[PDB]
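Structure assessment
The chain contents come next:
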Amino acid sequence: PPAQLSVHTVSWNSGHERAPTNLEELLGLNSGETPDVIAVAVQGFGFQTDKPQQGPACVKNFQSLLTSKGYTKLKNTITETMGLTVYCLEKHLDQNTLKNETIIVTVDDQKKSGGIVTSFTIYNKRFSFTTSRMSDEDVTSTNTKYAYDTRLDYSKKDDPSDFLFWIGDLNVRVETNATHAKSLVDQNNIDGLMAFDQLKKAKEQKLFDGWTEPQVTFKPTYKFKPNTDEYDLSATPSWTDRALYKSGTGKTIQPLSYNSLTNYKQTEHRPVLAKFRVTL
Ligand code: HEM
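Residues numbered from 1 in each chain as written, not as in the entry; some residues may be left out. Heavy atoms only, no water.

For this entry, the PDB record names X-ray crystallography as the structure determination method and reports a resolution of 1.30 Å.

Structure (structure tokens):
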């Protein structure tokens, strides 16, 4: 039982885009770090049907890179609009106690909104990783547009998990006009623009209760004109992909870094990579 473990998470509202082939950077591996757990969440369209037949390349390329580095894929789960994969270094796994479990929650009859939770235990500590997806137009258990449901929140369980991460596009946006938002971006007044971000409003409404986001120092990750760094100002620049963390049991979770990956310009959103150190 080590004293600490490291976790990398990445999420990307990737839409109809295929997985990139350059993955080390996406997963935070390109400077030689060797995290214990890696979670990858995507939001988009057509994953399960997989008309593009891109599933095969995803498996090949992720498994090619990660197996050589000592990772085991605990689970991949896909729906039409969401994907969540969790990897862990094989050296941490005790099959007798791992209790690897995933649930899918769907909130609409077309199964386009809801979320996924994958959980597992190592060294007698329980990890849970959630992703979620909500539409602006949906009727919901919260009567909000935010991608929260209590069924996805393993901190509000009778026996809450030790380490919890929630990654993806939460459908939280910046609630001001585009002109003001862009001016704050140009001034690098990130905290000033963050004053208009809806996560605090969601929390006031008792969504994401007690969940923390690492400090944001990067510019909004949406909406870009593809292959550029220029905002498409048809939308107010916003922080779409987010990483939130919590412990149900008083364990320390220390973010090490939290950044958008601006080299992945293929789409209107930029991926967001978080790195944490957890104390068992
Ligand atoms: C940036 C975008 C994407 C990322 C990061 C991504 C990531 C992943 C990851 C990490 C896995 C698990 C790989 C493993 O086995 O180790 C996976 C599986 C899969 N992905 Fe993607 N994916 C993306 C886009 C897509 C798209 C556009 C499609 C097609 C609509 C798709 C279809 C699938 C399917 C069907 C699987 C499961 C296939 C199987 O289990 O044989 N993905 N993806």
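Let us keep going from here.
Describing the sheet that holds strand 2 (residues 37-44)
Within the open sheet, the six strands sit side by side as 3-4-2-1-11-10. Their pairing is mixed. Each having just a single partner strand, strand 3 (71-78) and strand 10 (253-260) make up the two edges of the open sheet. Taken pair by pair, the neighbouring strands of this sheet meet at an average axis angle of 15°, ignoring direction. With seven bridges connecting them, strand 2 and strand 4 (residues 82-89) associate as antiparallel partners. (Pairing = 2+ DSSP bridges. Helix = DSSP H or I, 4+ residues; strand = E, 2+ residues; numbered from the N terminus. Axes fitted to C-alpha atoms, helices over the stretch in contact; angles between N-to-C directions.)

With respect to the site of the ligand
Around the ligand sit 21 residues, and of these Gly46, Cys58, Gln63, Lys73 and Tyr87 come closest. Here an oxygen atom of the ligand and a side-chain polar atom of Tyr87 are 2.6 Å apart. Listing elements by their share of the shell around the ligand, those giving two or more residues are strand 1 (4-15), helix 1 (55-68), strand 3 and strand 4. Among the elements that make up the shell around the ligand, the one with the highest residue count is helix 1 (five residues). (Near = heavy atom within 4 Å. Polar contact = N/O pair within 3.5 Å; in protein donor to acceptor, adjacent residues only side chain to side chain.)

Overview of the coordination of the iron atom of the ligand
A lone protein donor contacts the iron atom of the ligand, and this donor is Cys58 (SG), found at 2.8 Å. Here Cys58 is to be found in helix 1. (Donors = N, O, S within 2.8 Å, 3.2 Å for Na, K, Ca; no water.)

Re the pattern of salt bridges
This model, assessed by the stated rule, comprises 11 salt bridges. Among the salt bridges present, the one from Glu33 reaches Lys275, with a minimum N-O distance of 2.7 Å. Residue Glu33 is located in the loop between strand 1 and strand 2, and its partner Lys275 is located in strand 11 (residues 272-279); the two are separated by 242 residues in the primary sequence. Classification of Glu33 by relative accessible area gives partly exposed; the value is 35%. Residue classification places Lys275 among the buried residues on the basis of a relative accessible area of 13%. (Salt bridge = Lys/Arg side-chain N within 4 Å of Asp/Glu carboxyl O. Buried < 20%, exposed > 50% of the residue type's maximum accessible area, 1.4 Å probe, protein only.)

As for the sheet that holds strand 7 (residues 125-133)
One open sheet holds the five strands; their spatial order is 5-6-7-8-9, and the pairing between them is mixed. This sheet does not close on itself; its edge strands, each paired only once, are strand 5 (101-106) and strand 9 (241-246). Across the sheet, the mean angle separating the axes of adjacent strands is 15° when strand polarity is ignored. Note that strand 5 and strand 6 (residues 114-122) share six bridges and pair antiparallel. Residue pairing in the sheet places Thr102 in a bridge with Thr118 of strand 6.

Quick look at the environment of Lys275
Residues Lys275 and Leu184, spaced 91 residues apart in sequence, show a C-alpha to C-alpha distance of 26 Å. With residues near it in sequence (within four places) discarded, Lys275 still touches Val7, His8, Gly28, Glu33, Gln254, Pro255, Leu256 and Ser257. Only 2.7 Å separates the side chain of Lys275 from the side chain of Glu33, close enough to count as a polar contact. (Contact = heavy atoms within 4.5 Å.)

Focus: the UniProt feature "binding site: heme" in the protein chain
Here, UniProt's "binding site: heme" annotation points to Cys58. A residue is classified by how much of its surface remains accessible, and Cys58, at 23% relative accessible area, is partly exposed. Ignoring sequence-local partners within four residues, the contact set of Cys58 consists of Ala19 and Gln63. (UniProt positions renumbered as here; feature names shortened; annotations may be inferred.)

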